[PDB]
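Text of input_3.txt (compact mmCIF, C-alpha atoms) as supplied:
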```
# COMPACT_ATOMS: atom_id res chain seq x y z
CA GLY A 1 30.14 105.93 58.47
CA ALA A 2 31.41 104.73 61.86
CA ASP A 3 32.91 101.60 60.31
CA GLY A 4 36.71 101.58 59.98
CA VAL A 5 39.01 98.57 59.71
CA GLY A 6 37.85 97.55 63.17
CA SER A 7 34.77 95.81 61.84
CA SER A 8 33.64 93.38 59.18
CA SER A 9 31.59 95.12 56.51
CA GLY A 10 29.59 92.06 55.54
CA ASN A 11 28.50 88.66 56.75
CA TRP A 12 28.72 85.35 54.94
CA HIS A 13 25.36 84.25 53.50
CA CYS A 14 25.42 81.07 51.44
CA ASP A 15 21.76 80.29 52.32
CA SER A 16 19.00 79.39 49.84
CA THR A 17 15.26 79.54 50.64
CA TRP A 18 12.28 77.85 48.96
CA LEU A 19 9.25 80.01 49.65
CA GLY A 20 6.00 79.27 47.88
CA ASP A 21 6.77 79.72 44.21
CA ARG A 22 9.73 82.03 44.82
CA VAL A 23 13.14 80.55 45.55
CA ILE A 24 15.86 82.91 46.77
CA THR A 25 19.37 81.56 46.32
CA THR A 26 22.46 83.41 47.51
CA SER A 27 26.15 82.61 47.53
CA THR A 28 29.49 84.03 48.58
CA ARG A 29 33.08 83.34 47.61
CA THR A 30 36.59 84.73 48.06
CA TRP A 31 38.33 86.57 45.23
CA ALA A 32 41.84 87.89 44.68
CA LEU A 33 42.15 90.64 42.12
CA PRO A 34 45.63 90.67 40.56
CA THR A 35 47.01 93.83 38.95
CA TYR A 36 46.58 93.59 35.17
CA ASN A 37 48.77 94.87 32.31
CA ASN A 38 50.86 96.94 34.68
CA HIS A 39 47.88 99.30 34.23
CA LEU A 40 48.14 99.72 30.46
CA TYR A 41 45.44 99.45 27.85
CA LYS A 42 47.00 97.65 24.92
CA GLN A 43 46.06 97.08 21.32
CA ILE A 44 45.99 93.35 20.62
CA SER A 45 45.65 91.80 17.19
CA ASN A 46 46.36 88.57 15.34
CA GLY A 47 47.17 88.89 11.68
CA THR A 48 46.55 86.70 8.68
CA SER A 49 50.08 87.53 7.54
CA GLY A 50 51.23 85.14 10.24
CA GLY A 51 50.33 81.48 10.25
CA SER A 52 46.80 82.47 11.24
CA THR A 53 44.12 82.12 8.59
CA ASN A 54 41.52 84.71 7.67
CA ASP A 55 39.03 83.29 10.18
CA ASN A 56 41.20 83.90 13.25
CA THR A 57 42.09 87.56 12.70
CA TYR A 58 40.90 89.91 15.43
CA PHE A 59 41.50 93.41 16.66
CA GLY A 60 40.83 95.07 19.98
CA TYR A 61 42.14 96.11 23.34
CA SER A 62 42.99 94.37 26.60
CA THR A 63 42.20 96.54 29.57
CA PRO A 64 43.70 96.46 33.07
CA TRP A 65 40.20 96.14 34.53
CA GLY A 66 38.59 92.85 35.47
CA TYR A 67 35.04 91.63 35.75
CA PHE A 68 32.93 89.32 37.87
CA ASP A 69 31.28 86.48 35.95
CA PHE A 70 28.54 84.63 37.83
CA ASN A 71 26.63 83.86 34.63
CA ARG A 72 26.66 80.06 35.08
CA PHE A 73 24.11 78.06 37.05
CA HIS A 74 26.46 75.99 39.17
CA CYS A 75 27.44 79.21 40.86
CA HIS A 76 24.00 79.65 42.36
CA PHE A 77 22.69 76.10 42.91
CA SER A 78 24.10 73.35 45.05
CA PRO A 79 23.72 69.97 43.35
CA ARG A 80 21.02 69.26 45.87
CA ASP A 81 19.19 72.54 45.33
CA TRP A 82 19.41 71.87 41.62
CA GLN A 83 17.79 68.52 42.25
CA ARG A 84 14.82 70.07 44.03
CA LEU A 85 14.50 72.37 41.02
CA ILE A 86 14.53 69.90 38.15
CA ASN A 87 12.52 67.18 39.86
CA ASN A 88 9.68 69.19 41.33
CA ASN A 89 8.94 71.90 38.78
CA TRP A 90 7.94 72.63 35.22
CA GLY A 91 9.58 76.00 34.82
CA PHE A 92 11.64 78.66 36.48
CA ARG A 93 12.65 82.20 35.65
CA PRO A 94 14.49 84.86 37.62
CA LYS A 95 12.93 87.94 39.16
CA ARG A 96 15.56 90.12 40.85
CA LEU A 97 19.15 89.84 41.96
CA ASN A 98 21.34 91.56 44.51
CA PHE A 99 25.08 91.87 44.72
CA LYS A 100 27.51 92.79 47.48
CA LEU A 101 31.21 93.27 47.95
CA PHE A 102 32.39 93.36 51.52
CA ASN A 103 35.36 92.79 53.81
CA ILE A 104 37.60 94.19 51.11
CA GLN A 105 41.25 94.07 52.05
CA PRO B 1 2.36 47.67 64.86
CA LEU B 2 4.83 45.18 63.43
CA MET B 3 3.51 45.37 59.87
CA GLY B 4 4.07 49.12 60.09
CA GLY B 5 1.73 52.03 59.94
CA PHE B 6 0.30 54.14 62.68
CA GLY B 7 -0.86 52.33 65.78
CA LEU B 8 -4.02 53.99 67.06
CA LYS B 9 -5.74 53.68 70.41
CA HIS B 10 -9.01 54.64 68.71
CA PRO B 11 -8.62 53.68 65.06
CA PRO B 12 -10.95 54.70 62.28
CA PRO B 13 -14.22 52.98 63.14
CA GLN B 14 -15.02 50.09 60.85
CA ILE B 15 -18.22 50.15 58.82
CA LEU B 16 -20.64 47.26 58.48
CA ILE B 17 -23.23 47.04 55.70
CA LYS B 18 -25.88 44.51 54.71
CA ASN B 19 -28.89 44.19 52.47
CA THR B 20 -32.16 44.15 54.32
CA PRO B 21 -33.46 40.61 53.81
CA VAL B 22 -36.76 40.60 51.95
CA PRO B 23 -38.75 37.42 52.52
CA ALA B 24 -40.49 35.51 49.77
CA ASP B 25 -44.14 34.47 49.99
CA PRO B 26 -45.05 33.34 53.49
CA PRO B 27 -47.62 30.54 53.65
CA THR B 28 -51.34 31.19 53.88
CA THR B 29 -51.55 29.42 57.25
CA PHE B 30 -49.47 30.89 60.06
CA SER B 31 -46.63 28.80 61.44
CA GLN B 32 -44.13 29.40 64.20
CA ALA B 33 -40.88 29.01 62.28
CA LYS B 34 -38.98 31.95 60.83
CA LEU B 35 -39.21 32.54 57.10
CA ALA B 36 -36.61 30.46 55.27
CA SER B 37 -37.40 31.66 51.73
CA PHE B 38 -35.75 34.94 50.73
CA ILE B 39 -35.60 36.94 47.52
CA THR B 40 -32.14 36.78 45.99
CA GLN B 41 -30.74 40.29 46.13
CA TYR B 42 -27.57 42.36 45.94
CA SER B 43 -26.89 46.08 45.90
CA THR B 44 -24.29 48.41 44.41
CA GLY B 45 -23.14 51.98 44.84
CA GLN B 46 -20.28 54.45 44.96
CA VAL B 47 -18.19 54.95 48.11
CA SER B 48 -15.86 57.89 48.67
CA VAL B 49 -13.16 58.53 51.24
CA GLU B 50 -10.75 61.37 51.84
CA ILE B 51 -7.89 61.24 54.31
CA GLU B 52 -6.36 64.57 55.18
CA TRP B 53 -2.65 64.09 55.74
CA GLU B 54 -0.06 66.29 57.38
CA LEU B 55 3.35 66.35 55.68
CA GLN B 56 6.51 67.08 57.62
CA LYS B 57 8.44 69.35 55.33
CA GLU B 58 12.06 68.60 54.62
CA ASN B 59 14.94 71.01 55.22
CA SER B 60 18.37 69.56 54.63
CA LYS B 61 21.77 71.04 53.83
CA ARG B 62 23.31 67.93 52.25
CA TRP B 63 25.44 69.05 49.32
CA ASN B 64 25.42 66.14 46.88
CA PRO B 65 22.24 64.76 45.29
CA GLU B 66 19.87 62.51 47.19
CA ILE B 67 18.47 59.19 46.10
CA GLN B 68 15.10 59.37 44.38
CA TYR B 69 12.46 56.89 43.30
CA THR B 70 12.48 56.97 39.52
CA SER B 71 10.89 54.94 36.78
CA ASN B 72 13.00 52.88 34.40
CA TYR B 73 14.37 54.94 31.53
CA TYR B 74 14.88 51.92 29.28
CA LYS B 75 12.21 50.77 26.84
CA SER B 76 9.79 48.13 28.08
CA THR B 77 7.15 45.85 26.61
CA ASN B 78 4.42 47.51 28.67
CA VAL B 79 4.26 50.44 31.05
CA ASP B 80 4.68 49.69 34.74
CA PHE B 81 1.91 50.60 37.18
CA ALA B 82 -0.48 50.69 34.24
CA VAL B 83 -2.74 48.37 32.36
CA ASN B 84 -1.52 45.79 29.88
CA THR B 85 -3.07 44.51 26.67
CA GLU B 86 -5.63 42.40 28.52
CA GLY B 87 -6.72 45.35 30.63
CA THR B 88 -4.93 44.00 33.71
CA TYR B 89 -3.51 46.59 36.08
CA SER B 90 -0.22 45.28 37.44
CA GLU B 91 1.97 46.89 40.09
CA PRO B 92 5.45 45.54 39.28
CA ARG B 93 7.38 46.15 42.50
CA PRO B 94 6.93 47.39 46.07
CA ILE B 95 7.69 51.03 46.81
CA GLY B 96 9.44 51.88 50.05
CA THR B 97 8.93 55.13 51.89
CA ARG B 98 12.55 55.75 52.69
CA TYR B 99 14.75 57.61 50.26
CA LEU B 100 15.56 61.05 51.62
CA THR B 101 18.45 61.00 54.05
CA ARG B 102 18.90 62.50 57.48
CA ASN B 103 21.53 62.53 60.20
CA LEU B 104 21.10 59.89 62.88
```

Encoding of this model in structure tokens:
Amino acid sequence: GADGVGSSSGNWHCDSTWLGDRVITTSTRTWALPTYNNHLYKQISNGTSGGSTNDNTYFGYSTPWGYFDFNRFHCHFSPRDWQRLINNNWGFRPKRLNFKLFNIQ
Amino acid sequence: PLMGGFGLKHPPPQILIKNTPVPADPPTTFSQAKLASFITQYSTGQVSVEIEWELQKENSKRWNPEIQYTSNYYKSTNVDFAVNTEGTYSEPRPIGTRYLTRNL
């Protein structure tokens, strides 16, 4: 490894590049992961015996885990880079993605 | 140049063109004067020109959107920059070259 707390595992890349047809857009943020459910899976439900009606009844579990959601555009496109996309092009689709955690403390 | 556009120390060379004058019937008896009777004439043809431009590509980190030249979204009696009922091509307004922004 030869890494240790002495170093920074990763660098900050918020850069986006327009190359031919490809456009490669990366981001980075800062996240704070709170402890959830004192580490207990829990059954959660909402009954129709309460004020809830039959449409709002659900059943399931709430886990201590948590998940990264980048699924929205405005994550990955600065309002300028989204202007170069909608003004100059007919269509766009993704090819590959890449994902990194670093500098975890 | 004050009007704008690229000043050139050797501009594109201008082109001059003329019909070759074709004289009408000269007299039977020679005379000194030049021929003053010409055959009315005019010519037509197709002229083509390309100008190969170099574009300076734009790389800018400005966050918020730029300003852009955009056509009117509201309905109009006839399309701008395009012919009207009479067949008359009409450019409605002048179009500047400056929109994108840069740091002084």

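Take the candidates B:64, B:84, B:40, B:103 and check each one against residue 78 (chain A) using all atoms listed in the file; the shortest distance goes to B:64.
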
Work out how far CA of residue 52 (chain B) is from CA of residue 82 (chain B), in Å to one decimal.
25.8 Å

Chain A contacts on chain B, only C-alpha atoms, 9 Å, as a PDB file with C-alpha atoms, in the frame of the given file:
```
ATOM      1  CA  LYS B  61      21.770  71.040  53.830  1.00  0.00           C
ATOM      2  CA  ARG B  62      23.310  67.930  52.250  1.00  0.00           C
ATOM      3  CA  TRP B  63      25.440  69.050  49.320  1.00  0.00           C
ATOM      4  CA  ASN B  64      25.420  66.140  46.880  1.00  0.00           C
ATOM      5  CA  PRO B  65      22.240  64.760  45.290  1.00  0.00           C
ATOM      6  CA  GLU B  66      19.870  62.510  47.190  1.00  0.00           C
TER       7      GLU B  66
END
```

To one decimal place in Å, what is the distance between CA of residue 66 (chain A) and CA of residue 38 (chain A)?
13.0 Å

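Going from CA of residue 103 (chain A) over to CA of residue 1 (chain A), you cover 14.9 Å.
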
Which residues, protein or nucleic acid, reach to within 10 Å of (42.4, 95.8, 21.1) in the file's coordinates when using only C-alpha atoms, and can you give that as a ChimeraX atom specification?
/A:41-45,58-63

Write out as a ChimeraX atom specification which residues come within 8 Å of residue 28 (chain A) when counting all atoms listed in the file, dropping same-chain ones fewer than 6 positions away.
/A:12-14

With the input short on atoms, add N, CA, C and O atoms back to region 48-72 of chain A and write it as a short mmCIF file (atom, residue, chain, number, x, y, z; two decimals), in the coordinates of the input.
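That gives us result06.cif:
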```cif
data_model
loop_
_atom_site.label_atom_id
_atom_site.label_comp_id
_atom_site.auth_asym_id
_atom_site.auth_seq_id
_atom_site.Cartn_x
_atom_site.Cartn_y
_atom_site.Cartn_z
N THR A 48 46.53 87.77 9.66
CA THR A 48 46.55 86.70 8.68
C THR A 48 47.85 86.66 7.90
O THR A 48 48.04 85.74 7.09
N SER A 49 48.75 87.63 8.11
CA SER A 49 50.08 87.53 7.54
C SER A 49 50.91 86.48 8.26
O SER A 49 51.79 85.87 7.66
N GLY A 50 50.64 86.26 9.54
CA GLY A 50 51.23 85.14 10.24
C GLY A 50 50.57 83.84 9.81
O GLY A 50 49.78 83.78 8.86
N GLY A 51 50.92 82.77 10.53
CA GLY A 51 50.33 81.48 10.25
C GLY A 51 48.82 81.45 10.36
O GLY A 51 48.18 80.57 9.78
N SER A 52 48.24 82.41 11.08
CA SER A 52 46.80 82.47 11.24
C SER A 52 46.11 82.58 9.89
O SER A 52 46.63 83.19 8.95
N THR A 53 44.93 81.98 9.79
CA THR A 53 44.12 82.12 8.59
C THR A 53 43.14 83.27 8.75
O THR A 53 43.03 83.89 9.82
N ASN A 54 42.39 83.54 7.69
CA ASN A 54 41.52 84.71 7.67
C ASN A 54 40.38 84.62 8.67
O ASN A 54 39.74 85.64 8.96
N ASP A 55 40.12 83.44 9.22
CA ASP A 55 39.03 83.29 10.18
C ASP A 55 39.42 83.77 11.57
O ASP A 55 38.56 84.22 12.33
N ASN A 56 40.70 83.68 11.90
CA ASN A 56 41.20 83.90 13.25
C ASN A 56 41.74 85.30 13.48
O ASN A 56 42.33 85.55 14.54
N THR A 57 41.61 86.20 12.52
CA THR A 57 42.09 87.56 12.70
C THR A 57 41.14 88.34 13.59
O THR A 57 39.92 88.28 13.42
N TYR A 58 41.70 89.08 14.55
CA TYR A 58 40.90 89.91 15.43
C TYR A 58 41.66 91.17 15.76
O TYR A 58 42.88 91.26 15.58
N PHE A 59 40.92 92.14 16.28
CA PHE A 59 41.50 93.41 16.66
C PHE A 59 40.74 93.92 17.87
O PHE A 59 39.53 93.75 17.97
N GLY A 60 41.46 94.56 18.78
CA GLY A 60 40.83 95.07 19.98
C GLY A 60 41.85 95.35 21.06
O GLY A 60 43.06 95.29 20.84
N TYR A 61 41.33 95.64 22.24
CA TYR A 61 42.14 96.11 23.34
C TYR A 61 41.96 95.21 24.54
O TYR A 61 40.92 94.57 24.71
N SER A 62 43.00 95.14 25.37
CA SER A 62 42.99 94.37 26.60
C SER A 62 43.22 95.33 27.75
O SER A 62 44.31 95.86 27.91
N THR A 63 42.22 95.52 28.55
CA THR A 63 42.20 96.54 29.57
C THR A 63 42.80 96.02 30.87
O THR A 63 42.89 94.82 31.09
N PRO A 64 43.25 96.91 31.76
CA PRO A 64 43.70 96.46 33.07
C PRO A 64 42.57 96.04 33.98
O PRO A 64 42.82 95.36 34.98
N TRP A 65 41.34 96.44 33.69
CA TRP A 65 40.20 96.14 34.53
C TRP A 65 39.90 94.64 34.52
O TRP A 65 40.41 93.89 33.70
N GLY A 66 39.07 94.21 35.47
CA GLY A 66 38.59 92.85 35.47
C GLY A 66 37.16 92.80 35.95
O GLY A 66 36.67 93.72 36.60
N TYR A 67 36.49 91.70 35.62
CA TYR A 67 35.04 91.63 35.75
C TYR A 67 34.60 90.35 36.43
O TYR A 67 35.19 89.29 36.22
N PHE A 68 33.54 90.46 37.21
CA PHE A 68 32.93 89.32 37.87
C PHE A 68 32.01 88.60 36.90
O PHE A 68 31.14 89.22 36.28
N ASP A 69 32.18 87.28 36.77
CA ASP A 69 31.28 86.48 35.95
C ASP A 69 30.62 85.42 36.82
O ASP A 69 31.26 84.43 37.18
N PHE A 70 29.36 85.62 37.15
CA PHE A 70 28.54 84.63 37.83
C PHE A 70 27.55 83.94 36.92
O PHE A 70 26.67 83.22 37.39
N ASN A 71 27.66 84.17 35.61
CA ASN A 71 26.63 83.86 34.63
C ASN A 71 26.21 82.39 34.58
O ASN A 71 25.20 82.09 33.96
N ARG A 72 26.96 81.48 35.19
CA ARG A 72 26.66 80.06 35.08
C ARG A 72 25.82 79.59 36.25
O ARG A 72 25.88 80.14 37.35
#
```
